[PDB]
Amino acid sequence: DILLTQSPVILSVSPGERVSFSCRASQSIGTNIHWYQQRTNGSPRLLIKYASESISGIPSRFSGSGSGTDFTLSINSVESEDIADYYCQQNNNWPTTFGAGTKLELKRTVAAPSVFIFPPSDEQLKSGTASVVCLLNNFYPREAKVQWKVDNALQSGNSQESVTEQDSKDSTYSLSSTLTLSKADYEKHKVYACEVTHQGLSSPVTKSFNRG
Amino acid sequence: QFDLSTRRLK
Amino acid sequence: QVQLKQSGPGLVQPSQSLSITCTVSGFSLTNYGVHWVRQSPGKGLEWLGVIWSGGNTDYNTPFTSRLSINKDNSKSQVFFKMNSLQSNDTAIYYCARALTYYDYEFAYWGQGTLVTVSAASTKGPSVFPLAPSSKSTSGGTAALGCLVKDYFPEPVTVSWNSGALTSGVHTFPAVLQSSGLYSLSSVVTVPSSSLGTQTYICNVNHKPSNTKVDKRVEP
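Chains as they are written, first to last, in the numbering used here: chain X, 2 to 213; chain L, 115 to 124; chain A, 5 to 223.
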């Protein structure tokens, strides 16, 4: 089987910049290479066939070149909608094989998160569990710190974070930190606090509530 | 590494 | 137009078998081959096989003994079946069609089918509101959401107001809890002045358990 090596694994660029993805083959494959885009939650989308040939419905900014073992996909001026993974495919040798892919990330200006907090619903409390959700909305860059405190007691290990993929429109990220307790522990305490640290904030933002 | 939840490299 | 629509996601026990149906439209199976590709964390995109116009099949070498593809031309259906699955066979399975009948440049893909291989049991989620308030409000904008908790396996689909609300929506990737069950939240920001006039509903659909819940979210 032909091994296709895509390098680097991650590309980070600013809008309007030209960008190139590389695909190297373990032996000559002529111009038998196709390129694909995969967006968040998407199926692969065909961009270029046979190294350089265009595809109906694909923006002109996408092109491809190369022959033999060294191939290049190019976007002449990156947009935010280009945030995706890119894969190469050879079909000179059976079976057709794919590269491991390159991730395309966009830079943008620092944006502080909007911070919101949600107490557990009475509904969930009936089930005997309490989730407190802290939301960090539309921020950049991705790095952030979320610290939970219950009645001035620092929480550790009892929360889980999730971060969205980069927004294809504004290039931001959003994050949820969920603190989980039993109903009993939740009822034994008053003050629930989510403290947020981020590069876009000149001081930590604390969002909190008193149970009741 | 490919993530089945998001269909994106992580 | 040309479309490939696969059967929904689900759970399959280890050592058992996997079956996916690909229903096509906008072209005839008698004129095009249908290919099967998968995408796994371990090996990324792998070409699995193909059933051609005339019924001939090709299978990638490592799968020749545990893979069968069949079809009903009149029904425009292609059937993918794979035996003795292990946990690393957990992957997204795609059916696909090339530009020309004989080629392999895949211009048309099905939506994919997330197949989880695990000994565990299918469990539907509970849906709880993330109610908007003064503590989720800033500058005329309120945030609200739904907590989709304790389901297995992935995935769940979440929409808002039956698809009519898409702007400002963030559905977070599921996280696996120590219980071995998944949980996620879906949020959306709206003008706070619409809270007294507009209804907000998260439509949650966990296909592997055939569980559909519509959760109204109020301040």
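Positions of the beta carbon are idealized from the N, C-alpha and C atoms, including for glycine.
{"Item": "Residue(s) in a DSSP beta bridge with X/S66", "Value": "X/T73"}
{"Item": "X/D186 beta carbon near the ligand GTP (any heavy atom closer than 7 Å)", "Value": "This structure lacks the ligand GTP; in fact it carries no ligand of any kind."}
{"Item": "C-beta contact flag for X/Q167 and X/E106 at 8 Å", "Value": "yes"}
{"Item": "Collapsed DSSP secondary structure at X/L126 in the structure displayed", "Value": "helix"}
{"Item": "Every unbroken beta strand (DSSP E) within the region 134-211 of chain A, with a cutoff of 3 residues, ordered by chain", "Value": "145-155, 161-164, 173-175, 186-195 and 205-210"}
{"Item": "Start and end residues, alpha helix (DSSP H) containing X/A185", "Value": "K184 to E188"}
{"Item": "Where the region 126-152 of chain A meets chain L: residues whose CB sits under 9 Å from a CB there", "Value": "none"}
{"Item": "Any 3 or more C-beta pairs closer than 8 Å across the region 152-164 of chain X and the region 114-130 of chain X", "Value": "no"}
{"Item": "Buried versus exposed call for X/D152 [16 or more other C-beta atoms within 10 Å across all chains shown]", "Value": "exposed"}
{"Item": "Sheet register partners of A/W51 (DSSP bridge)", "Value": "A/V41"}
{"Item": "Per DSSP, the bridge partner or partners of X/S23", "Value": "X/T73"}
{"Item": "Nearest-angstrom Cα separation, counted from A/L52 out to X/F117", "Value": "46 Å"}
{"Item": "Closest by C-alpha distance to A/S140, when choosing among X/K208, X/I59 and X/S55", "Value": "X/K208"}
{"Item": "Proximal residues to A/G116 (C-beta, below 8 Å), its chain only, five neighbours per side dropped", "Value": "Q10, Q43, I96, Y97 and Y98"}
{"Item": "Chain A within 8 Å of X/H190, Cβ atoms only", "Value": "no"}
{"Item": "Minimum Cβ-Cβ distance from A/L15 to chain L less than 8 Å", "Value": "no"}
{"Item": "Expected contact under 8 Å - CB spacing of A/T201 and A/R220 to nearest Å", "Value": "Not quite, the Cβ-Cβ distance comes to about 14 Å (not below 8 Å), so this is no contact."}
{"Item": "Three-way DSSP call (helix, strand, coil) for A/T215 in this model", "Value": "strand"}
{"Item": "Distance CB(A/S213)-CB(A/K127) smaller than 8 Å", "Value": "yes"}
{"Item": "X/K208 - containing beta strand (DSSP E), residue span", "Value": "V206 to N211"}
{"Item": "Contact check, X/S29 vs X/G65, beta carbons under 8 Å", "Value": "no"}
{"Item": "Within-8 Å CB hit, L/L123 to chain X", "Value": "yes"}
{"Item": "Local conformation of A/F84 per DSSP, three classes", "Value": "strand"}
{"Item": "Contacts around A/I24, its chain only, beta-carbon distance under 7 Å, and the 5 residues preceding and following it disregarded", "Value": "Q10, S11, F84, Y97 and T117"}
{"Item": "Beta carbon of A/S198 nearer than 8 Å to that of X/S128", "Value": "no"}
{"Item": "X/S115 - containing beta strand (DSSP E), residue span", "Value": "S115 to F119"}
{"Item": "Nearest-angstrom beta carbon gap, X/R25 and X/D71 [assumed within contact, 8 Å]", "Value": "6 Å"}
{"Item": "Reference A/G143; option with closest CA among A/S196, A/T175, A/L169 and A/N74", "Value": "A/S196"}
{"Item": "Buried versus exposed, by CB contacts within 10 Å (16 or more), A/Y106", "Value": "exposed"}
{"Item": "Contact with chain A by X/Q28, beta-carbon distance below 8 Å", "Value": "no"}
{"Item": "Cβ neighbours of X/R212 in the same chain (closer than 6 Å, five flanking residues each side left out)", "Value": "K191"}
{"Item": "Cβ pair A/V38, A/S80 closer than 8 Å", "Value": "no"}
{"Item": "X/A131 - partner residues in DSSP beta bridges", "Value": "X/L182"}
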